[PDB]
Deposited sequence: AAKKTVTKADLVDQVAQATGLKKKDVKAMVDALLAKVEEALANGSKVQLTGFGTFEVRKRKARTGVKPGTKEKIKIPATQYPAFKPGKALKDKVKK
């Protein structure tokens, strides 16, 4: 990649530019968005982002030692297709 790592800060700048919205506002939106995705996953919600992918909490049964649960992302078809060479 020309830019090897794109950060949250880089994305705020790119989104401010693309939308013409204030950087201060985009920054507040991104932090709130991630907080709300977290909150939803903590409640056991699926977080479905049409056209992008789904976050969900997956479980490992105790057999697997004790039962555990963890966050995961299932990429959508559009995203899978765009990342193919």
Residues of the deposited chain that carry no C-alpha coordinates are 65 to 75
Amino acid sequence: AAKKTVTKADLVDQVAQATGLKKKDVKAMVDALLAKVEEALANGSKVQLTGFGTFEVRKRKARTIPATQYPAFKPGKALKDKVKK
From here on, numbers count along this sequence of modelled residues.
For 54 to 62 versus 29 to 37, entry-based mean Cα B-factors point to 54 to 62
Ranked by mean Cα B-factor in the entry, 72 to 80 and 12 to 20, top stretch is 12 to 20
